[PDB]
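Below, read A as the first sequence line, B as the second, and so on, with proteins coming before strands; counting in each chain starts at 1.
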Amino acid sequence: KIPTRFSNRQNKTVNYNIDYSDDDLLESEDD
Amino acid sequence: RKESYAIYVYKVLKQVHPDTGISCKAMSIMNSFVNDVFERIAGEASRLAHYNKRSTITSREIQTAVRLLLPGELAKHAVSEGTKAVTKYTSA
Amino acid sequence: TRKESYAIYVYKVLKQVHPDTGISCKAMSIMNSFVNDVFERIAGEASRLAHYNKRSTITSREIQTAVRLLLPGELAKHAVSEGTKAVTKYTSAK
Amino acid sequence: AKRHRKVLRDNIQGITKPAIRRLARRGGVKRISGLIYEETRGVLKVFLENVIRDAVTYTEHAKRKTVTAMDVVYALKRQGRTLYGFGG
Amino acid sequence: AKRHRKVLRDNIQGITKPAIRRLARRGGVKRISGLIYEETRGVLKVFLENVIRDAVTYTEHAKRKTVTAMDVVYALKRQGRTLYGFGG
Amino acid sequence: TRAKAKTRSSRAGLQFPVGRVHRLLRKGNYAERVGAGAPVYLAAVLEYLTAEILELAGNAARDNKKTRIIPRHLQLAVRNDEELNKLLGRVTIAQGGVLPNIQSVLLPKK
Amino acid sequence: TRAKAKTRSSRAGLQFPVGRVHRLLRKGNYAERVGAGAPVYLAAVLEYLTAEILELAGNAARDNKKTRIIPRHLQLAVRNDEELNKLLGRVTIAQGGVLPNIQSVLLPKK
Amino acid sequence: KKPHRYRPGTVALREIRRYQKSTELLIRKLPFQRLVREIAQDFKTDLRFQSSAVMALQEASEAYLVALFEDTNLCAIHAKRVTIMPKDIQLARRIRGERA
Amino acid sequence: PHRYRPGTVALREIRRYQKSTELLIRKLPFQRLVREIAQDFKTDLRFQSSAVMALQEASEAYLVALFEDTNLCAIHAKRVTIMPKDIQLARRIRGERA
């Protein structure tokens, strides 16, 4: 459940979600 | 009888992420990474022992190789980790 | 203090290739550094070649393979020659 | 003349134009000129022969005729391009 | 206020603009913009901290207080910048 | 009357094998002698680096809604952390891909 | 009788010391054992590379009206040779300078 | 002969965003095997190849070409262009030290 | 008043300094810079003279190679004047920056 080990290094959080949406490109796609 | 690092990497993974698995290719990559870091640190410590006319490799040579190869906060956190492991191993 | 170096051997090789040409001390330091660097590179590659093949000894085959790996192109091709006959001449004597 | 040679010489042309275009798309390239592909094929051939020569040297040191994956890993490692996922 | 600090902090300004111009002349540069010198001072400082930090690590391993030239050669060789003419 | 044998990893409080690291140091042609605390220290450093990359890769797998770490998650974890990126700068991870980024001059408009 | 103690360099017809190379290979932590022909081969290769640089450096000293090889002549000999510029391509020679090279764009147009 | 043609560049941006997400090899396996065998028969005859050796060669070659294309794109952007040219590849390999 | 056109003096300096071999940075400012950089790592550091000379020779070698690649970047951008973005591009492609 809860991890027994963590990191003491002061890293910033990183969004690792590499899923992309082409909704900002619908101007030259369907509109 | 393949002499890998897979079970120890698995135990470390269950320490940091108890409900996350790992594929075979990722395990091979992790084993290659551990072997690469081992040979880098051991080669740097061997060079450090040869530079100082010393016939032995101690924890000081490993510590200096860690501070030479690892950058930034990785270096000092690995030094703290290895130092407290050596302290725990000596006292007991 | 006896400090070893490749000074006299580089000097006599120079007298072979250029009998009327001298050399400065900084150039001898650079030549000594070159010989030490190439020795370290070839010996390290031969050590790795012996380790990958699960062999406990370094032979002339390992040095030949290290020379073929490290020395680029035709510089290898003559040097592989230049080592080999020397080994052959050593076999003619010892 | 139905008979010809078994060997093939235009195997560098097997790295096609859309393959180089896909490799440039992975590199973030938006527009590609038409002279890119021959230069890319020459660069790939130079890199491949540089790796393959060292791998073949590692193979003949072991007195073998089969180029294993470990020889390719060592050949890539010596020139400073460490590759993971095949050394274990 | 005749008294001031004994230590000096503007030693990166001791690498003067004519010195950077001479370095660019040896590099073959014909025309130099006015913002080149600050960037050159920055990259020289970054390179010097890297080499000096590795050399200080090599010094501190040997339990010494002085920094020898051989430690500098070790620090440069560890960064893939081997230097001939100072021993080794 | 031999005592109850316990591993050196349990003495050092580690998960990585101290004895295997000591045997690889002794047979690796690094020095004539190997000290006692050197395999302990090196196993601790290797375990810490494995812990850092495995935690970052588990975070990468969680952010992509997956329960198993694949080479893509390891590549994303390594390349998104700059200290691990410059530790493995000359290292190619197979089946890892690249970081998704597009240069700002290639974007169409505002 | 002990056959007057003929050296291995004279047996191999070399000028580089075979015995010193053997001692440096044995004490250099490279392998458990060192073969007999390995120091002969390595000394011959080192002697050939030394002769190859020194011939070109003597030619560079002769072209500059000098009877003494300085670091500048070594740098000119190394950088002007195509295959010596790949063996020492990541190597700085002190007091060596650079090759005189000006790009053709920067030349004046007549 | 249909309407609603796409602007030149947004399709390329779609393939940029698509191929930077995926991780598969972008070169077909059989032409790469033929290329590797054709290159390798110059150095030595009667050479056998493991499949994992060719796969490692393909992974390394694709990574090298992708990194070179990133440096080439930076070269082309630096020259106030958005089209890559052989001089951009030449400058990237010269600065990298391959042509130096 | 005798004058030279802008550029021929630059070509004369390029021909002069590519022939010479001495260091183009003065000794004491570089020594002061080395000591200032070194005192941020360890206090009370002594220095051999040959260590400062080796650090110097490495520094001019690195900067001359960087200026060569900077000139290549400037020529590729159809310019004869080097810019800080040329240094940034050279260090980016070389791999030192990113």
Side-chain angles (χ1 to χ4, degrees), chain B residues 36 40 68-72 74, chain D residues 26-29 43 46-47 50 76-84, chain E residues 27 39-40 42-51 53-54 75-82, chain F residues 75 78-93 96-99 101 103, chain G residues 86 89-92, chain H residues 60-78 84 88-100, chain I residues 58-59 61-73 76 84-98:
Chain B
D36 192 8
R40 291 179 182 177
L68 273 166
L69 288 156
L70 281 72
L74 271 182
Chain D
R26 194 159 272 175
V29 173
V43 160
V46 161
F47 173 76
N50 281 11
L76 290 157
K77 183 178 183 293
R78 187 183 66 83
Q79 66 182 358
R81 292 180 179 91
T82 308
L83 170 66
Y84 288 176
Chain E
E39 187 93 24
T40 316
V43 299
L44 181 62
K45 186 183 286 185
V46 164
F47 173 78
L48 270 187
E49 309 181 311
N50 292 348
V51 180
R53 151 153 47 63
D54 276 14
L76 285 159
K77 182 174 73 175
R78 213 211 52 89
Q79 294 179 357
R81 293 182 184 272
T82 317
Chain F
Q75 161 91 353
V78 161
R79 297 312 160 197
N80 268 301
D81 191 83
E82 68 275 16
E83 270 158 6
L84 289 166
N85 185 29
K86 68 183 292 294
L87 175 74
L88 313 178
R90 305 297 281 140
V91 161
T92 298
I93 291 177
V98 286
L99 273 193
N101 83 340
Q103 298 276 114
Chain G
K86 295 183 289 294
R90 299 295 296 163
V91 163
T92 300
Chain H
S61 312
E62 282 216 15
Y64 173 76
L65 285 176
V66 161
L68 195 66
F69 273 135
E70 293 179 353
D71 285 10
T72 295
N73 198 234
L74 287 167
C75 277
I77 285 159
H78 181 255
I84 58 161
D88 312 316
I89 301 183
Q90 280 153 30
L91 191 86
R93 291 184 83 226
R94 179 83 170 273
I95 295 163
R96 272 165 163 220
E98 310 165 25
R99 297 208 325 156
Chain I
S59 290
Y62 171 74
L63 283 178
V64 159
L66 188 54
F67 274 133
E68 268 151 10
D69 298 335
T70 305
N71 210 18
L72 290 165
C73 294
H76 177 255
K85 64 182 181 293
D86 309 343
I87 310 183
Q88 288 153 20
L89 190 88
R91 291 190 67 215
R92 176 80 162 85
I93 296 164
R94 191 183 292 175
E96 301 171 348
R97 188 174 72 146

Using only heavy-atom distances, determine whether the side chains of H:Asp88 and I:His76 contain a donor-acceptor pair under 3.5 Å.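 Yes.
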Looking only at non-hydrogen atoms, find the nearest pair between [X] and [Y] and report the distance.
X	Y	value
B:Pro71	F:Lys86	CB-NZ, 3.3 Å
H:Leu74	I:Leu89	O-CD1, 3.5 Å
I:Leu66	E:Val43	CD2-CG2, 3.8 Å
H:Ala92	I:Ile93	O-CG2, 3.6 Å
B:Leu69	F:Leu87	O-CD1, 4.3 Å
F:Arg79	F:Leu88	NH1-O, 2.8 Å

Rounded at 0.5 Å granularity, tell me how far [atom1] in [X] sits from [atom2] in [Y].
X	Y	atom1	atom2	value
B:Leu68	B:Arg40	CG	CZ	13.5 Å
F:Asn85	F:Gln75	CG	CD	8.5 Å
I:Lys85	H:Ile77	NZ	CD1	14.0 Å

Is the closest side-chain heavy-atom distance between [X] and [Y] below 4.5 Å?
X	Y	value
D:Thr82	F:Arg90	no
D:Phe47	H:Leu65	no
F:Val98	H:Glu70	yes

Please confirm whether the backbone N or O of E:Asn50 pairs with a side-chain atom of E:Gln79, one donor and one acceptor, at under 3.5 Å? yes
Please enumerate all residues that pass side chain to side chain contact (heavy atoms under 4.5 Å, CB included) together with I:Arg97, with sequence neighbours excluded. I:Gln88, I:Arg91, I:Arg92
